[PDB]
Structure formats: structure tokens, C-alpha cells
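One structure below.
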Amino acid sequence: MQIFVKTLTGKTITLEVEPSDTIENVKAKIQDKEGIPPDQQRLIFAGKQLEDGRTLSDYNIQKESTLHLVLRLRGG
Amino acid sequence: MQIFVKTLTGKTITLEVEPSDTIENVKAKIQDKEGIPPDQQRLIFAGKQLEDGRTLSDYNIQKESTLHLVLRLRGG
Amino acid sequence: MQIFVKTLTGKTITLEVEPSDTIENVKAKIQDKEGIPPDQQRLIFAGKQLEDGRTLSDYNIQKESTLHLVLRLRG
Amino acid sequence: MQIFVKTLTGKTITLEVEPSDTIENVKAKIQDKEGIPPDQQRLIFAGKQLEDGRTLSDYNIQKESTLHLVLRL
Amino acid sequence: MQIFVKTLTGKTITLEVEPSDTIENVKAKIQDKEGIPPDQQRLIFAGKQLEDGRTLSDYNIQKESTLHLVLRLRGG
Amino acid sequence: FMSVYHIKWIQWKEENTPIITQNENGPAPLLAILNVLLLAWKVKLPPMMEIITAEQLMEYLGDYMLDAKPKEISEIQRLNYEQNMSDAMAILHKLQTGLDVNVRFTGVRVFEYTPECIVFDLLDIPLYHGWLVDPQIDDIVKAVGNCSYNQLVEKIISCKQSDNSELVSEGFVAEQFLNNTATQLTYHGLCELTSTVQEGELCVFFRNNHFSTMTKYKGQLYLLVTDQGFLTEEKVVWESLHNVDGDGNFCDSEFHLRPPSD
Ligand SMILES: [Cl-]
Ligand SMILES: [Cl-]
Ligand code: NA
């Protein structure tokens, strides 16, 4: 299955994931594609924040869904 | 690398800093370049107040970034 | 004291409440009187959300005041 | 006792106060001498802001201590 | 010791403290038993606004004496 | 961690302007100031932004405040400005947690001049409240006088423990004036407010420990709705301020009444 992730710059990155994958593993896939560290990412869908310990199937993530990505650059 | 520091009076300074430099080191480099004591200095980056004990990597301050300088009365 | 809870659909709920009642209690009081689960409930007074955890006295809710209701969207 | 109030320009004024005077009261004294309205004055001592409701003794304002005046248009 | 903290509404709080504690300590104790921010708190004994840096012994705090807690108008 | 906000786009003055919604309690003062700037088109965001983060909101406000570049000033104005900006930034981070104001009960714009009250001056954003004492009643106006909240609240404490009968009377009267008006708005305050705010003005209104954006359309005051609960309700943009009890009328982006959702 494929899911889309939109960044603040408007670029959409597509990844290949399974519904049983946790959000931390998906953040590691974002680190492999875009090079961002998982210690600086925040994923958003349906007006809620995706916890790192929750799986994609736990958040009712469907196929061909577009999740937003926001970052923590200036810490504090 | 190089970062800029902009006064409220238009004058813009350039410092040769390191991404592992502490804000106290940057304030000292502003002293070595203009003579303003570090106690009279307030350093701003993107609405945040640059704290003394942190470094430029914690705030994600990269090359050719610009910080704002606001002069302050003797803080005690 | 009694307070009113107007909503977007036009309804106007009335509840006999006390200043010490917590925000989850007025939400449960709505579940009794007009049957809406506090799961999917969210209150507003003076343009500010009344958070789950505080009280009406912590928001200075006076008698015969008018609260506002909406569906809690975030899960 | 006498305290001194120095604006950021460098002009220092002389006032006769008592340590039991509130800063709102001291502000009224500055209005008497310089004409500046109290709600347009900002009194600073050792780089820290001074609330209108406190008294000088509450801030450890000793004799011959001098305070920074800051303005507001 | 055992001291009373009295709000304007009449709500009185009990607190097990020691004359060796600081006012900042007591404000943290009230934050734990009430959720009130330590910044918003203003304690009053004998007309004085008790300062965070000093200790209860410096204010002649005695047993079952009461401290009036008042709160600054915070908008959030 | 970080706070994220949702952007609600509305039609203000025929043009598509964005306002930032609020979820949890706290971000109110920053959201009131920026919503003033967004509606007056002084600050603007890319056209399809749906959510925005806390760092971005502070970056926008910080850049707009520090890059004003006013050069026509003397040494008095310049050095007072650099100091008024220095103390403004020591507090600027508090605009996200919660801003403290000291209120005096004699005028709709009368506040204690604190470093928090500076941000609303450096941006020329008027700041209003409505916690005014009724001047026609004498026993309250004598007890509250020209005191501020942090002064009156200390006054009733010193009055309670006095031995004079007239002093405890004034202290109890002032306490009752605070207890009866805990909503931080009085009938006379709403009357003088409507008179003082100019038509079409964009300001920030403090009330009930909240900062909300305010305007005046055809002699009537309105507060912009900032709650995230109304983010998807496109026809609730302004709430009319016409009573002390919060029985406001919800209006749309053009100040027309909203039909019930059926
Ligand atoms: Cl319009
Ligand atoms: Cl103002
Ligand atoms: Na208008």
C-alpha cells in the first residue's frame, strides 16, 4: 500500500508502508527519503496528532490518505 | 560559517560562528566586533529569545541566517 | 443556579448547576437532559473553550449565563 | 530622602520622596516636574520593571538610588 | 508547620511547610494542590507582597497564621 | 511538545483573509494580536495553508515587529524604542502561555503600563476592556476609587483586618463589586466601550481572562470567533457583544445573522 505525506513546502512524498507499522517506523522511512531526523517531526491527520507508539491501523489510516508533516526547528 | 546580526537601527553585522557555538560565545563575538557588553545584549531569532546556555544547533541556526539584536539596560 | 446552553441547531438547554461543578459534570448533565455523550461534546463561553478539568467557578460562570455547545471534533 | 530619575538620554532629575511612597505616587511627582503623564512613564531599577502598586521599600530602594525613566508616546 | 492559605472567595487551603522553605517553595506547593501557576500567585501577609527569594522565617511566619493568596489577571 | 493551530479562511472585505483558530487554553493573546494583523492585511500567509505551528506564529510576529524600520526619530524616540522593544521581547514568549494585564476600573483603555502592554503599542493595536465601575452609584465609586485590580485586591485584604467601620464597609463593597462582576464586564463598561471604539476599528478586547479580536460595524461591537470547534462552520465568524451574560448573536463574515443548522 502507498500513502502520501505533504510537507510545508508543498512537496508530497509517497512511501510504501503496511497498516500494522507504527508511527516511529514511518518516521524512520521519512528519514530515509527526506533526511529529516525523527526527533524533529510531527505528523497530522484529521485534526489530530499521531502518537509515535500508535500503529497506522490504530488511527484508522485508509489507503491513499494525505497526512501533513510539521517540524520542530527552533527548539523552545 | 557566517550569520548576520541586525540592529533596530539598520546596521547589520556579520560574524564567523560555528554551529556548536554557544549564545554566550556569539554575544562575546558581538563584543569583539562592536564593544557592546554581553549583559546589554538580547539576541532574537524568529520570535524566540536566544538563551545564554544553549547553542546554535539547538535553535537550528544555519549558514547566512540572520538574528536580531536588541539593546538592554544593565540586567540585574 | 441555572444556566443556559444555546447551540448551533437552535436548541437552548437549561441546567440547574452549582459553581463547584466540574466541566465534565455539566457535560454529563447535558448527557442526562438532552442526551449527548461528553465524548463528542465541547463547550464555549465568551469565545473561550471550557477545558475538561476545571470548574465553572474557575471560569467565573455567573448565574443565568449563556454557554455555547459544539461537537468535539478531535479524537 | 532624595532619589534621582535618569531618562535614557542622560537627563537626571531630583525628587524628594519617602520610602513608604508608592511608585504611582512617585510617577505623580515626575508629572509635577516634567509634565509627563503617569500612564506614559516606565520606571526601571537595576534593569527590572517596577509595578505601580508597590512601594519603594518593597523594592529595596535605598537613599541616593537612581531609577531609569522610559517613555511611551 | 501548618499554615492556612486564604483566597478572596473564602477558600482556605492547608499546607505542611517549614519556616526553612522559600516563598517559591510554597508557590510550588499551591501549584500542586490547586493547579494555580507559580507566576500568577501573589501572597500577602501584613500588607507585604511576599517575594520568591525570601523564606518564611524572614517574614515571622508562625503556626496557623494565614497567608492571603491573590491572583494576577491572566488572559489565556 | 509543540502546539499546532488550524487556519480558518473567511471572506473579510470581499478578499479571502485567514484567521487562526484556538483549541486548548493559553494561546489567546498571541491569537488575538495576529488575527488583528491578518484581518487588516498587515501580515498574510500563503493561500492554502490549513495548519500552522507555534514556531511559525512566533516567527511571523517577531519578523513583523522587528523589521518596522522607522527612521524619522530623534535620540529620545530611538533609545526609548530600543528599550521598549527589549522589555517587550522578554515577555513576548508569554503571549503563548498567557498574558497578564492589570486593569483599572475608570476607563475602557486604562491599564497599568506594564511590559506586556507594550506589544499592543508597538503594533498600534488598541487594547480594550469593559470592567468599568458605574459612575452614577456613589458607594462603589468611593470604595474602588482609582485603584487597579492588583491594588484593590490588596485593599480589601487590608480593609478586612482593620478596626474602622467605614473601612471594612468600603472593603466589603469593593469585594462585592468584584464578586458580582467576575465576568470582567459591566453594563456601563459596554456603554462606554461602544462609544470609544471607532467604526471599522480592529483592536483586542480583554474579558473573562480571554483576549479576543474586536471590531465595530454600524455602531455594534463584535468579537471574532476563535474556537477550533467552529473551524468547519463557515457561517459563524463574528459574535455580537450586546450583553454581559454571553447571549451573543452569531454572524457570518459579512455580519449577517446565521440561520440555525436544523
Ligand atoms: Cl466584509
Ligand atoms: Cl491601549
Ligand atoms: Na469592520
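Ligands are numbered from 1 in the order shown, residues from 1 within each chain, and chains are lettered A, B, ... in the order they appear in the C-alpha cells.
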Contacts with ligand 2 at most 8 Å, only C-alpha atoms and all ligand atoms counted, listed as an MDAnalysis selection string | chainID F and resid 109:111 117 120:121 125:128
With a distance cut-off of 12 Å and only C-alpha atoms, select the neighbouring residues of residue 8 in chain E, excluding the residue or stretch itself and same-chain residues fewer than 3 positions from it, and output the selection as a short mmCIF file (atom, residue, chain, number, x, y, z; two decimals) with C-alpha atoms, in the first residue's frame.
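Produced file selection37.cif, reproduced below:
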data_model
loop_
_atom_site.label_atom_id
_atom_site.label_comp_id
_atom_site.auth_asym_id
_atom_site.auth_seq_id
_atom_site.Cartn_x
_atom_site.Cartn_y
_atom_site.Cartn_z
CA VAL E 5 -3.78 29.99 52.61
CA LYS E 11 -11.45 29.00 50.07
CA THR E 12 -8.83 28.11 52.69
CA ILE E 13 -6.02 25.64 51.97
CA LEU E 43 0.93 36.08 48.66
CA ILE E 44 0.14 38.77 51.23
CA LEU E 67 -1.44 33.91 54.05
CA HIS E 68 -3.85 35.61 51.67
CA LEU E 69 -3.43 34.21 48.16
CA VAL E 70 -4.44 36.61 45.38
CA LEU E 71 -4.03 36.04 41.66
CA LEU F 152 -7.97 46.85 45.01
CA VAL F 153 -7.41 43.18 45.80
CA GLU F 154 -4.73 44.21 48.31
CA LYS F 155 -7.04 46.99 49.52
CA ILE F 156 -9.86 44.63 50.52
CA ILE F 157 -7.35 42.46 52.40
CA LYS F 160 -10.91 43.27 56.20
CA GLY F 171 -13.58 46.83 51.66
CA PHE F 172 -16.74 44.73 51.57
CA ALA F 174 -15.22 46.63 46.72
CA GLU F 175 -15.19 42.86 47.30
CA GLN F 176 -18.86 42.69 46.30
CA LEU F 178 -15.51 42.17 42.20
CA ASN F 179 -17.72 39.20 43.12
#
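For the choices F:191, F:33, F:231, F:66, the atom-to-atom distance to chain B is smallest for F:66 when using only C-alpha atoms.
Those residues that approach residue 47 in chain A to within 10 Å, counting only C-alpha atoms, are residues 68 of chain A; 73, 74 and 75 of chain C; 4, 5, 6, 51 and 228 of chain F; same-chain residues fewer than 5 positions away are not listed.
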Ligand 1 neighbours within 7 Å using only C-alpha atoms and all ligand atoms, as a PyMOL selection string = chain F and resi 11-14+253-254
Using N, CA and C atoms, can you write the selected residues to a file as a PDB file, in the first residue's frame?
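Output (again-v7.pdb):
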ATOM      1  N   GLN F  11     -14.112  35.431   4.362  1.00  0.00           N
ATOM      2  CA  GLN F  11     -14.227  36.496   3.367  1.00  0.00           C
ATOM      3  C   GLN F  11     -14.431  37.817   4.108  1.00  0.00           C
ATOM      4  N   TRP F  12     -13.331  38.519   4.369  1.00  0.00           N
ATOM      5  CA  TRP F  12     -13.364  39.818   5.029  1.00  0.00           C
ATOM      6  C   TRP F  12     -13.080  40.903   3.999  1.00  0.00           C
ATOM      7  N   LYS F  13     -14.026  41.830   3.846  1.00  0.00           N
ATOM      8  CA  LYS F  13     -13.930  42.924   2.880  1.00  0.00           C
ATOM      9  C   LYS F  13     -13.655  42.391   1.474  1.00  0.00           C
ATOM     10  N   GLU F  14     -14.495  41.443   1.051  1.00  0.00           N
ATOM     11  CA  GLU F  14     -14.513  40.895  -0.304  1.00  0.00           C
ATOM     12  C   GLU F  14     -13.267  40.080  -0.647  1.00  0.00           C
ATOM     13  N   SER F 253     -19.358  36.159   7.855  1.00  0.00           N
ATOM     14  CA  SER F 253     -18.225  37.008   7.510  1.00  0.00           C
ATOM     15  C   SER F 253     -18.646  38.410   7.090  1.00  0.00           C
ATOM     16  N   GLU F 254     -19.928  38.621   6.795  1.00  0.00           N
ATOM     17  CA  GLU F 254     -20.436  39.935   6.422  1.00  0.00           C
ATOM     18  C   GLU F 254     -21.363  40.515   7.485  1.00  0.00           C
TER      19      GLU F 254
END
